[PDB]
Structure formats: C-alpha cells, structure tokens
file coords.csv (CSV, N, CA, C and O atoms)
chain,number,residue,atom,x,y,z
A,1,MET,N,-59.4,-45.9,21.5
A,1,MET,CA,-60.0,-46.2,20.2
A,1,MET,C,-61.2,-47.2,20.4
A,1,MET,O,-61.2,-47.9,21.4
A,2,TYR,N,-62.1,-47.2,19.5
A,2,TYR,CA,-63.2,-48.1,19.5
A,2,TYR,C,-63.2,-48.9,18.2
A,2,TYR,O,-63.4,-48.3,17.1
A,3,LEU,N,-63.1,-50.2,18.2
A,3,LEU,CA,-63.1,-51.1,17.1
A,3,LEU,C,-61.8,-50.9,16.2
A,3,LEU,O,-61.1,-51.9,16.0
A,4,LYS,N,-61.6,-49.7,15.8
A,4,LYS,CA,-60.4,-49.5,14.9
A,4,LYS,C,-59.2,-49.1,15.8
A,4,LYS,O,-58.9,-48.0,16.0
A,5,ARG,N,-58.5,-50.2,16.2
A,5,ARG,CA,-57.2,-50.0,16.9
A,5,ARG,C,-56.2,-51.0,16.3
A,5,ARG,O,-56.2,-52.2,16.6
A,6,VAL,N,-55.4,-50.5,15.3
A,6,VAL,CA,-54.4,-51.3,14.8
A,6,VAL,C,-53.1,-51.1,15.5
A,6,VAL,O,-52.3,-50.2,15.3
A,7,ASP,N,-52.9,-51.9,16.6
A,7,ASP,CA,-51.8,-51.9,17.4
A,7,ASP,C,-50.7,-52.7,16.9
A,7,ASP,O,-50.8,-53.3,15.8
A,8,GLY,N,-49.5,-52.8,17.6
A,8,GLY,CA,-48.4,-53.5,17.1
A,8,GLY,C,-47.3,-52.6,16.7
A,8,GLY,O,-47.4,-51.4,16.8
A,9,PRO,N,-46.1,-53.2,16.3
A,9,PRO,CA,-45.0,-52.4,15.8
A,9,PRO,C,-45.2,-51.7,14.5
A,9,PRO,O,-46.1,-52.1,13.7
A,10,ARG,N,-44.5,-50.6,14.2
A,10,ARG,CA,-44.5,-49.9,13.0
A,10,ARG,C,-43.9,-50.8,11.9
A,10,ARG,O,-44.3,-50.7,10.7
A,11,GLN,N,-43.0,-51.7,12.3
A,11,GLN,CA,-42.3,-52.6,11.4
A,11,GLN,C,-42.0,-53.9,12.1
A,11,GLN,O,-41.4,-53.9,13.2
A,12,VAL,N,-42.4,-55.0,11.5
A,12,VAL,CA,-42.1,-56.3,12.1
A,12,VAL,C,-41.0,-57.0,11.3
A,12,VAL,O,-40.7,-56.6,10.2
A,13,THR,N,-40.5,-58.1,11.8
A,13,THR,CA,-39.5,-58.9,11.2
A,13,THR,C,-40.0,-60.2,10.7
A,13,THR,O,-40.9,-60.8,11.2
A,14,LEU,N,-39.5,-60.6,9.5
A,14,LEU,CA,-39.9,-61.9,8.9
A,14,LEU,C,-38.9,-63.0,9.3
A,14,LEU,O,-37.7,-62.7,9.6
A,15,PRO,N,-39.3,-64.3,9.3
A,15,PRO,CA,-38.4,-65.4,9.5
A,15,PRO,C,-37.4,-65.5,8.3
A,15,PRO,O,-36.4,-66.2,8.4
A,16,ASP,N,-37.8,-64.8,7.2
A,16,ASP,CA,-37.0,-64.8,6.0
A,16,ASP,C,-35.7,-63.9,6.3
A,16,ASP,O,-34.7,-64.1,5.6
A,17,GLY,N,-35.8,-63.0,7.2
A,17,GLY,CA,-34.8,-62.0,7.5
A,17,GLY,C,-35.1,-60.7,6.9
A,17,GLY,O,-34.4,-59.7,7.0
A,18,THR,N,-36.3,-60.6,6.3
A,18,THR,CA,-36.8,-59.4,5.7
A,18,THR,C,-37.5,-58.5,6.8
A,18,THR,O,-37.8,-59.0,7.9
A,19,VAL,N,-37.7,-57.3,6.4
A,19,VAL,CA,-38.4,-56.3,7.3
A,19,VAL,C,-39.8,-56.0,6.7
A,19,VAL,O,-39.9,-55.7,5.5
A,20,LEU,N,-40.8,-56.0,7.5
A,20,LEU,CA,-42.2,-55.7,7.0
A,20,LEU,C,-42.7,-54.5,7.8
A,20,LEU,O,-43.2,-54.7,8.9
A,21,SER,N,-42.6,-53.3,7.2
A,21,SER,CA,-43.1,-52.1,7.8
A,21,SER,C,-44.6,-52.0,7.4
A,21,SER,O,-45.1,-52.7,6.6
A,22,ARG,N,-45.2,-51.0,8.0
A,22,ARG,CA,-46.6,-50.6,7.7
A,22,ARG,C,-46.6,-49.9,6.4
A,22,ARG,O,-47.7,-49.5,5.9
A,23,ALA,N,-45.5,-49.7,5.8
A,23,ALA,CA,-45.3,-49.1,4.5
A,23,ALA,C,-45.0,-50.2,3.4
A,23,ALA,O,-45.1,-49.9,2.2
A,24,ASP,N,-44.6,-51.3,3.9
A,24,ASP,CA,-44.3,-52.5,3.0
A,24,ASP,C,-45.6,-53.2,2.5
A,24,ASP,O,-45.5,-53.9,1.6
A,25,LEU,N,-46.7,-52.9,3.2
A,25,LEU,CA,-48.0,-53.4,2.8
A,25,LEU,C,-48.3,-53.1,1.3
A,25,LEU,O,-48.0,-52.0,0.9
A,26,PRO,N,-48.8,-54.1,0.6
A,26,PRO,CA,-49.1,-53.9,-0.8
A,26,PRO,C,-50.2,-52.8,-1.1
A,26,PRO,O,-50.9,-52.5,-0.1
A,27,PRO,N,-50.2,-52.2,-2.3
A,27,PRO,CA,-51.2,-51.2,-2.6
A,27,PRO,C,-52.6,-51.6,-2.4
A,27,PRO,O,-53.0,-52.8,-2.5
A,28,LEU,N,-53.5,-50.6,-2.1
A,28,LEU,CA,-54.9,-50.9,-1.9
A,28,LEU,C,-55.6,-51.1,-3.2
A,28,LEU,O,-56.7,-51.7,-3.3
A,29,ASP,N,-55.1,-50.5,-4.3
A,29,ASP,CA,-55.7,-50.5,-5.6
A,29,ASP,C,-55.4,-51.8,-6.3
A,29,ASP,O,-56.1,-52.1,-7.3
A,30,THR,N,-54.5,-52.6,-5.8
A,30,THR,CA,-54.1,-53.8,-6.5
A,30,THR,C,-55.1,-54.9,-6.3
A,30,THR,O,-55.7,-55.0,-5.3
A,31,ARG,N,-55.4,-55.6,-7.4
A,31,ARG,CA,-56.3,-56.7,-7.3
A,31,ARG,C,-55.7,-58.0,-7.9
A,31,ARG,O,-56.1,-59.1,-7.5
A,32,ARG,N,-54.6,-57.8,-8.7
A,32,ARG,CA,-53.8,-58.9,-9.1
A,32,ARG,C,-52.9,-59.4,-7.9
A,32,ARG,O,-51.8,-59.0,-7.8
A,33,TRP,N,-53.5,-60.1,-7.0
A,33,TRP,CA,-52.8,-60.6,-5.9
A,33,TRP,C,-51.9,-61.7,-6.1
A,33,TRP,O,-52.3,-62.9,-6.2
A,34,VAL,N,-50.6,-61.4,-6.3
A,34,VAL,CA,-49.6,-62.5,-6.4
A,34,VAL,C,-49.3,-63.0,-5.1
A,34,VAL,O,-49.6,-62.5,-4.0
A,35,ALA,N,-48.6,-64.2,-5.1
A,35,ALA,CA,-48.3,-64.9,-3.8
A,35,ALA,C,-47.5,-64.0,-2.8
A,35,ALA,O,-47.9,-64.0,-1.7
A,36,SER,N,-46.5,-63.3,-3.3
A,36,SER,CA,-45.7,-62.4,-2.4
A,36,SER,C,-46.5,-61.3,-1.8
A,36,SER,O,-46.3,-60.9,-0.7
A,37,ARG,N,-47.5,-60.8,-2.5
A,37,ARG,CA,-48.3,-59.7,-2.0
A,37,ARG,C,-49.3,-60.2,-1.0
A,37,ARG,O,-49.5,-59.6,0.1
A,38,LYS,N,-49.8,-61.4,-1.2
A,38,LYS,CA,-50.7,-62.1,-0.3
A,38,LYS,C,-49.8,-62.4,1.0
A,38,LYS,O,-50.3,-62.3,2.1
A,39,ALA,N,-48.6,-62.9,0.8
A,39,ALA,CA,-47.7,-63.2,1.9
A,39,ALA,C,-47.4,-62.0,2.8
A,39,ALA,O,-47.5,-62.1,4.0
A,40,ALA,N,-47.2,-60.9,2.1
A,40,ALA,CA,-46.9,-59.7,2.9
A,40,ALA,C,-48.1,-59.3,3.8
A,40,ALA,O,-47.8,-58.9,5.0
A,41,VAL,N,-49.3,-59.4,3.3
A,41,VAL,CA,-50.5,-59.1,4.1
A,41,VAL,C,-50.6,-60.1,5.3
A,41,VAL,O,-50.8,-59.7,6.4
A,42,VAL,N,-50.6,-61.4,5.0
A,42,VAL,CA,-50.8,-62.4,6.0
A,42,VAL,C,-49.7,-62.4,7.1
A,42,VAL,O,-50.0,-62.5,8.3
A,43,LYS,N,-48.4,-62.2,6.7
A,43,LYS,CA,-47.3,-62.1,7.6
A,43,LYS,C,-47.5,-60.9,8.5
A,43,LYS,O,-47.1,-60.9,9.7
A,44,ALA,N,-48.1,-59.8,8.0
A,44,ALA,CA,-48.3,-58.6,8.7
A,44,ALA,C,-49.3,-58.9,9.9
A,44,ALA,O,-49.0,-58.5,11.0
A,45,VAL,N,-50.3,-59.6,9.6
A,45,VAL,CA,-51.3,-59.9,10.7
A,45,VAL,C,-50.7,-60.9,11.7
A,45,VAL,O,-50.8,-60.7,12.9
A,46,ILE,N,-50.0,-61.9,11.2
A,46,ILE,CA,-49.3,-62.9,12.0
A,46,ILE,C,-48.3,-62.3,13.0
A,46,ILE,O,-48.2,-62.6,14.1
A,47,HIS,N,-47.5,-61.3,12.5
A,47,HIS,CA,-46.5,-60.7,13.3
A,47,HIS,C,-47.0,-59.6,14.1
A,47,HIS,O,-46.3,-59.0,14.9
A,48,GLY,N,-48.3,-59.3,14.0
A,48,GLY,CA,-48.9,-58.2,14.8
A,48,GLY,C,-48.6,-56.8,14.3
A,48,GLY,O,-48.7,-55.9,15.0
A,49,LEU,N,-48.3,-56.8,13.0
A,49,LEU,CA,-48.1,-55.5,12.3
A,49,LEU,C,-49.4,-54.8,12.2
A,49,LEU,O,-49.6,-53.6,12.4
A,50,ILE,N,-50.4,-55.5,11.7
A,50,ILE,CA,-51.8,-55.1,11.5
A,50,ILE,C,-52.7,-56.2,12.1
A,50,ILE,O,-52.2,-57.2,12.5
A,51,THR,N,-54.0,-55.9,12.0
A,51,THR,CA,-54.9,-56.9,12.5
A,51,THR,C,-55.7,-57.5,11.3
A,51,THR,O,-55.8,-56.9,10.2
A,52,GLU,N,-56.2,-58.8,11.5
A,52,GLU,CA,-56.8,-59.5,10.4
A,52,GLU,C,-58.0,-58.7,9.8
A,52,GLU,O,-58.1,-58.6,8.6
A,53,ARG,N,-58.8,-58.1,10.7
A,53,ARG,CA,-59.9,-57.3,10.2
A,53,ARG,C,-59.5,-56.0,9.5
A,53,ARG,O,-60.3,-55.4,8.8
A,54,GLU,N,-58.3,-55.6,9.7
A,54,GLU,CA,-57.8,-54.4,9.1
A,54,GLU,C,-57.4,-54.8,7.6
A,54,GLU,O,-57.6,-54.0,6.7
A,55,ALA,N,-56.8,-55.9,7.5
A,55,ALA,CA,-56.4,-56.4,6.2
A,55,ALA,C,-57.7,-56.6,5.3
A,55,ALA,O,-57.7,-56.2,4.1
A,56,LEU,N,-58.7,-57.3,5.8
A,56,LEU,CA,-59.9,-57.5,5.1
A,56,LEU,C,-60.6,-56.2,4.8
A,56,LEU,O,-61.2,-56.1,3.7
A,57,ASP,N,-60.4,-55.3,5.7
A,57,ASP,CA,-61.1,-53.9,5.5
A,57,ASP,C,-60.4,-53.2,4.3
A,57,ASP,O,-61.2,-52.7,3.4
A,58,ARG,N,-59.1,-53.0,4.4
A,58,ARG,CA,-58.4,-52.1,3.4
A,58,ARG,C,-58.3,-52.8,2.0
A,58,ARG,O,-58.4,-52.1,1.0
A,59,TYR,N,-58.2,-54.1,2.0
A,59,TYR,CA,-58.0,-54.8,0.7
A,59,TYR,C,-59.3,-55.3,0.1
A,59,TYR,O,-59.3,-55.9,-0.9
A,60,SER,N,-60.4,-55.1,0.8
A,60,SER,CA,-61.7,-55.5,0.4
A,60,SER,C,-61.7,-57.0,0.3
A,60,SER,O,-61.9,-57.6,-0.8
A,61,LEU,N,-61.5,-57.7,1.4
A,61,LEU,CA,-61.4,-59.2,1.4
A,61,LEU,C,-62.4,-59.8,2.3
A,61,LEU,O,-63.0,-59.1,3.2
A,62,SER,N,-62.7,-61.1,2.2
A,62,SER,CA,-63.5,-61.9,3.1
A,62,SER,C,-62.6,-62.7,4.0
A,62,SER,O,-61.4,-62.9,3.6
A,63,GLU,N,-63.1,-63.2,5.1
A,63,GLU,CA,-62.3,-64.0,6.0
A,63,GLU,C,-61.9,-65.3,5.4
A,63,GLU,O,-60.8,-65.8,5.6
A,64,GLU,N,-62.8,-65.9,4.6
A,64,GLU,CA,-62.5,-67.1,3.9
A,64,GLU,C,-61.3,-66.9,2.9
A,64,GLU,O,-60.6,-67.8,2.6
A,65,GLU,N,-61.2,-65.7,2.4
A,65,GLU,CA,-60.1,-65.3,1.5
A,65,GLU,C,-58.8,-65.4,2.3
A,65,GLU,O,-57.9,-66.0,1.9
A,66,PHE,N,-58.8,-64.7,3.4
A,66,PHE,CA,-57.6,-64.6,4.2
A,66,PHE,C,-57.2,-66.0,4.7
A,66,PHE,O,-56.0,-66.3,4.9
A,67,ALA,N,-58.2,-66.8,4.9
A,67,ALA,CA,-58.0,-68.2,5.3
A,67,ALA,C,-57.2,-68.9,4.2
A,67,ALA,O,-56.3,-69.7,4.5
A,68,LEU,N,-57.4,-68.6,3.0
A,68,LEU,CA,-56.7,-69.2,1.8
A,68,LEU,C,-55.3,-68.6,1.9
A,68,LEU,O,-54.3,-69.4,1.7
A,69,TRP,N,-55.1,-67.3,2.1
A,69,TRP,CA,-53.8,-66.6,2.1
A,69,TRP,C,-52.9,-67.3,3.1
A,69,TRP,O,-51.8,-67.7,2.8
A,70,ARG,N,-53.4,-67.4,4.4
A,70,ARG,CA,-52.5,-68.0,5.4
A,70,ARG,C,-52.2,-69.4,5.2
A,70,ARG,O,-51.2,-69.9,5.6
A,71,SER,N,-53.1,-70.1,4.5
A,71,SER,CA,-53.0,-71.5,4.2
A,71,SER,C,-52.0,-71.7,3.0
A,71,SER,O,-51.3,-72.7,2.9
A,72,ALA,N,-52.0,-70.7,2.1
A,72,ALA,CA,-51.1,-70.8,0.9
A,72,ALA,C,-49.7,-70.3,1.2
A,72,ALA,O,-48.8,-70.6,0.4
A,73,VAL,N,-49.6,-69.6,2.3
A,73,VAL,CA,-48.3,-69.0,2.6
A,73,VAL,C,-47.7,-69.6,3.9
A,73,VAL,O,-46.7,-70.3,3.9
A,74,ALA,N,-48.3,-69.2,5.0
A,74,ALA,CA,-47.8,-69.5,6.3
A,74,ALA,C,-47.8,-71.0,6.7
A,74,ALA,O,-46.9,-71.5,7.3
A,75,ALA,N,-48.9,-71.7,6.2
A,75,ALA,CA,-49.1,-73.1,6.6
A,75,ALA,C,-49.1,-74.0,5.4
A,75,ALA,O,-49.7,-75.1,5.5
A,76,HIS,N,-48.5,-73.5,4.3
A,76,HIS,CA,-48.5,-74.3,3.1
A,76,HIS,C,-47.4,-75.3,3.1
A,76,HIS,O,-47.3,-76.2,2.3
A,77,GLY,N,-46.5,-75.2,4.1
A,77,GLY,CA,-45.4,-76.1,4.2
A,77,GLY,C,-45.8,-77.3,5.1
A,77,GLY,O,-45.0,-77.7,6.0
A,78,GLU,N,-46.9,-77.9,4.8
A,78,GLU,CA,-47.4,-79.0,5.6
A,78,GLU,C,-46.9,-80.3,5.1
A,78,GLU,O,-47.4,-81.4,5.4
A,79,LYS,N,-45.8,-80.2,4.3
A,79,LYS,CA,-45.1,-81.4,3.8
A,79,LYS,C,-44.5,-82.2,5.0
A,79,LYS,O,-44.7,-83.4,5.1
A,80,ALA,N,-43.9,-81.4,5.9
A,80,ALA,CA,-43.4,-82.0,7.2
A,80,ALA,C,-43.5,-81.0,8.3
A,80,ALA,O,-43.2,-79.8,8.1
A,81,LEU,N,-44.1,-81.4,9.4
A,81,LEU,CA,-44.2,-80.5,10.5
A,81,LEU,C,-42.9,-80.3,11.3
A,81,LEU,O,-42.6,-81.0,12.2
A,82,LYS,N,-42.2,-79.3,10.8
A,82,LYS,CA,-40.9,-78.9,11.4
A,82,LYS,C,-41.2,-78.5,12.8
A,82,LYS,O,-42.3,-78.1,13.1
A,83,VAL,N,-40.2,-78.6,13.7
A,83,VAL,CA,-40.4,-78.2,15.1
A,83,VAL,C,-40.9,-76.8,15.3
A,83,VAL,O,-41.7,-76.5,16.2
A,84,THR,N,-40.6,-75.9,14.3
A,84,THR,CA,-41.0,-74.5,14.3
A,84,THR,C,-42.4,-74.4,13.6
A,84,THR,O,-43.1,-73.4,13.8
A,85,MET,N,-42.8,-75.5,12.9
A,85,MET,CA,-44.1,-75.5,12.2
A,85,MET,C,-45.3,-75.5,13.1
A,85,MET,O,-46.4,-75.1,12.8
A,86,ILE,N,-45.1,-76.1,14.3
A,86,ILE,CA,-46.1,-76.2,15.3
A,86,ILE,C,-46.5,-74.8,15.8
A,86,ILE,O,-47.7,-74.5,16.0
A,87,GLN,N,-45.5,-74.0,15.9
A,87,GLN,CA,-45.7,-72.6,16.3
A,87,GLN,C,-46.6,-71.9,15.3
A,87,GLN,O,-47.5,-71.1,15.7
A,88,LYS,N,-46.4,-72.2,14.0
A,88,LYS,CA,-47.3,-71.7,12.9
A,88,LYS,C,-48.7,-72.1,13.3
A,88,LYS,O,-49.6,-71.2,13.3
A,89,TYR,N,-49.0,-73.3,13.5
A,89,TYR,CA,-50.4,-73.8,13.8
A,89,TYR,C,-50.9,-73.4,15.1
A,89,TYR,O,-52.1,-73.5,15.4
A,90,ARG,N,-50.0,-72.9,16.0
A,90,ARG,CA,-50.5,-72.4,17.3
A,90,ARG,C,-51.0,-71.0,17.2
A,90,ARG,O,-52.0,-70.6,17.9
A,91,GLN,N,-50.4,-70.2,16.3
A,91,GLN,CA,-50.8,-68.8,16.1
A,91,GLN,C,-51.8,-68.7,15.0
A,91,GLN,O,-52.8,-67.9,15.0
A,92,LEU,N,-51.6,-69.5,13.9
A,92,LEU,CA,-52.6,-69.5,12.8
A,92,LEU,C,-53.8,-70.4,13.2
A,92,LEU,O,-53.6,-71.5,13.6
A,93,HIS,N,-54.9,-69.8,13.1
A,93,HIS,CA,-56.2,-70.4,13.6
A,93,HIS,C,-57.0,-70.9,12.4
A,93,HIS,O,-57.4,-70.2,11.5
A,94,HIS,N,-57.1,-72.3,12.4
A,94,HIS,CA,-58.0,-72.9,11.4
A,94,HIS,C,-57.3,-73.0,10.0
A,94,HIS,O,-57.5,-72.1,9.2
A,95,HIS,N,-56.5,-74.1,9.8
A,95,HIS,CA,-55.9,-74.3,8.5
A,95,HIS,C,-56.6,-75.4,7.8
A,95,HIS,O,-57.5,-75.1,7.0
call {"tool": "encode", "arguments": {"input": "coords.csv", "output": "structure tokens"}}
result
Amino acid sequence: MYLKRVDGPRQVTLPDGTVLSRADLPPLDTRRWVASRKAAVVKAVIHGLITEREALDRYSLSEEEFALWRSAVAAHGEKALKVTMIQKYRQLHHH
C-alpha cells in the first residue's frame, strides 16, 4: 500500500476491559462528538487499531482537534502521574 495503510489488529483491548473493534468506531456522519465517542477514536489510534491520519481523514478532523481528544481522554488524568500514567505520556505525543 502507499500512504493508506491502516495496519494493526481488527480489534484491540482497552485498559477498561472493553473491546474496541474496527466496527466499534463511531459513525462518520456523527458530529455531536461526546466524550465516549472521542475516547473510542483516540483509544483506537493509541492501541494501534487505526492510525491518527485515518481518524482525521474519516471523521474530518484536524490534528489540533485530535490533540484535544487525547488530552481530554487519555492524558486528562494528570491529577497524579500513576506509574502506568508515564506509559501514557510515552506513547501519547505532545500533551
């Protein structure tokens, strides 16, 4: 493939204990982006379900937008840097 290669598993696992498949991704027509829908998208990229540029592509988003998403979901727990929270900031780039 060239440019468009969305590699990774068909379904990834969440730290929540939930399963995030490539079918679990929120609708493309949706614009009322609630927290959980934003979470689903960002977790997908983080877990390697899809790629960041694929999310921005299909949902019609900007990178600064996705920056908000990952900051509001994955790295919003900056109350205390849990031992596992460092891993967040290791894979999450630019919070």
call {"tool": "select_by_dssp", "arguments": {"input": "coords.csv", "residues": "segment 32-86 of chain A", "states": "alpha helix (DSSP H)", "output": "ChimeraX atom specification"}}
result
/A:35-46,52-58,63-72,85-86
call {"tool": "closest_residue", "arguments": {"input": "coords.csv", "among": "A:22, A:29, A:83, A:3", "to": "residue 49 of chain A", "atoms": "all atoms listed in the file"}}
result
A:22
call {"tool": "residues_around", "arguments": {"input": "coords.csv", "residues": "segment 67-74 of chain A", "least_positions_apart": "6", "cutoff": "7 Å", "atoms": "only N, CA, C and O atoms", "output": "short mmCIF file (atom, residue, chain, number, x, y, z; two decimals) with N, CA, C and O atoms, in the coordinates of the input"}}
result
data_model
loop_
_atom_site.label_atom_id
_atom_site.label_comp_id
_atom_site.auth_asym_id
_atom_site.auth_seq_id
_atom_site.Cartn_x
_atom_site.Cartn_y
_atom_site.Cartn_z
N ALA A 35 -48.60 -64.20 -5.10
CA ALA A 35 -48.30 -64.90 -3.80
C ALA A 35 -47.50 -64.00 -2.80
O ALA A 35 -47.90 -64.00 -1.70
N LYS A 38 -49.80 -61.40 -1.20
CA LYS A 38 -50.70 -62.10 -0.30
C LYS A 38 -49.80 -62.40 1.00
O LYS A 38 -50.30 -62.30 2.10
N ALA A 39 -48.60 -62.90 0.80
CA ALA A 39 -47.70 -63.20 1.90
C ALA A 39 -47.40 -62.00 2.80
O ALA A 39 -47.50 -62.10 4.00
N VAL A 42 -50.60 -61.40 5.00
CA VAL A 42 -50.80 -62.40 6.00
C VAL A 42 -49.70 -62.40 7.10
O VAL A 42 -50.00 -62.50 8.30
N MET A 85 -42.80 -75.50 12.90
CA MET A 85 -44.10 -75.50 12.20
C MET A 85 -45.30 -75.50 13.10
O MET A 85 -46.40 -75.10 12.80
N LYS A 88 -46.40 -72.20 14.00
CA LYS A 88 -47.30 -71.70 12.90
C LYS A 88 -48.70 -72.10 13.30
O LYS A 88 -49.60 -71.20 13.30
N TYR A 89 -49.00 -73.30 13.50
CA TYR A 89 -50.40 -73.80 13.80
C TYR A 89 -50.90 -73.40 15.10
O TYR A 89 -52.10 -73.50 15.40
N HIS A 93 -54.90 -69.80 13.10
CA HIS A 93 -56.20 -70.40 13.60
C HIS A 93 -57.00 -70.90 12.40
O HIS A 93 -57.40 -70.20 11.50
N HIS A 94 -57.10 -72.30 12.40
CA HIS A 94 -58.00 -72.90 11.40
C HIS A 94 -57.30 -73.00 10.00
O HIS A 94 -57.50 -72.10 9.20
N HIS A 95 -56.50 -74.10 9.80
CA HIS A 95 -55.90 -74.30 8.50
C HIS A 95 -56.60 -75.40 7.80
O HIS A 95 -57.50 -75.10 7.00
#
call {"tool": "closest_residue", "arguments": {"input": "coords.csv", "among": "A:1, A:7, A:31, A:90", "to": "residue 45 of chain A", "atoms": "all atoms listed in the file"}}
result
A:7
call {"tool": "closest_atom_pairs", "arguments": {"input": "coords.csv", "of": "segment 39-58 of chain A", "to": "segment 9-18 of chain A", "cutoff": "8 Å", "atoms": "all atoms listed in the file", "output": "CSV"}}
result
residue,atom,partner,partner_atom,distance
A:43,O,A:13,O,6.4
A:44,O,A:12,CA,7.3
A:46,C,A:13,O,7.8
A:47,O,A:12,CA,5.7
A:48,O,A:9,N,4.0
A:49,O,A:9,O,4.0
A:50,N,A:9,O,5.8
call {"tool": "atom_distance", "arguments": {"input": "coords.csv", "atom1": "atom CA of residue 77 of chain A", "atom2": "atom CA of residue 91 of chain A"}}
result
15.0 Å
call {"tool": "atom_distance", "arguments": {"input": "coords.csv", "atom1": "atom CA of residue 59 of chain A", "atom2": "atom O of residue 26 of chain A"}}
result
7.5 Å
call {"tool": "closest_residue", "arguments": {"input": "coords.csv", "among": "A:40, A:87, A:79, A:66", "to": "residue 20 of chain A", "atoms": "only N, CA, C and O atoms"}}
result
A:40
call {"tool": "atom_distance", "arguments": {"input": "coords.csv", "atom1": "atom N of residue 27 of chain A", "atom2": "atom N of residue 76 of chain A"}}
result
22.4 Å
